[PDB]
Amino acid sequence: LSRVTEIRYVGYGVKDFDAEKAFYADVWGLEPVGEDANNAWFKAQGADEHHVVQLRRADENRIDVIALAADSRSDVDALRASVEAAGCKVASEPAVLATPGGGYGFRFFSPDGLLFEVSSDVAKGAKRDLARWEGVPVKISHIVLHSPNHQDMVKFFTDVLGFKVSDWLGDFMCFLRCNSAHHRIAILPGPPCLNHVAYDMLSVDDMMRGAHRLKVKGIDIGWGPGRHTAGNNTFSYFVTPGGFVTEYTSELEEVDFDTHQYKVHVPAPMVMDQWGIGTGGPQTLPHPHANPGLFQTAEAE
């Protein structure tokens, strides 16, 4: 049946519009793709996806949209019906998109009130094979979300969107894949919102090199020099000027999308971080707060 196949971008609503714009292009290593009096689009130098981040000047910080990819026009419609069947509020009907790089798609809110987008045939952008030591994002690695009822959110993603379970951290954190990457989405309990967005680095040396630039650029590592167990990926968390959290990650495991057997890792500090030599932890990072405007569009504000 038709399913989500990748993540496209994350649209942010940010107060400190300018500070956040400079961050992504002069600090985080993303490539500007376009600006407008009220918006800004950036893209990952190592991927052909039109844009991976969208910034909209707003009166408050929030996540406007989480855009997922579908293979074809007939796949976008199938998920359109599937979402309806599951009882979701549909904010838009499948049609050519006026947003950058066009594409055919629709929008619907998740059972929690977070706006999502599913689209196909979105224009492609440039893409080069990065050399080692550049310290810049190759592509998006994953997105982590909080949910008031995570078990159900996990099922929506599996039964409606087509994700499959790759791992479990006890019974509170689930890792979901929609292709051969260990996971592209991770669901966690808490108020309906987004926790962080990770970016894939070419190598461990690159994550370090990037973390280094971020340090001199005045941003310290919120939780760094670590390596997770579920997915076995190295990590480095940061807080953007806008107050969001972004992560440089690397070496996430490749699996067989169709046959990977998930495991239930037993919680333990060593399980969250197998290195235990960096600084900070999940406590030095912002505390989750319900995303402003649940079931509301960026417009409605």
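Sequential numbering from 1, following the sequence displayed.
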164 to 172 versus 83 to 91 - which carries the larger mean C-alpha B factor in the record
83 to 91
If you average the CA temperature factors over each stretch, which comes out higher, 173 to 181 or 119 to 127?
119 to 127
Highest Cα B-factor in the PDB entry belongs to which of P32, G29, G46, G243?
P32
From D64, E247, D59, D273, residue of greatest CA B-factor:
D59
Please say which third, lowest, middle or highest, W41 falls into when its CA temperature factor is compared across its chain.
highest
Looking at the entry's B-factor column for C-alpha atoms only, identify whether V76 ranks in the lowest, middle or highest third of its chain.
middle
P100: which third of its chain by C-alpha temperature factor?
highest
Entry-reported Cα temperature factor of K217, expressed as the chain third it lands in:
highest
Sorting the chain's modelled residues by C-alpha B-factor, tell me whether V239 ends up in the lowest, middle or highest third.
lowest
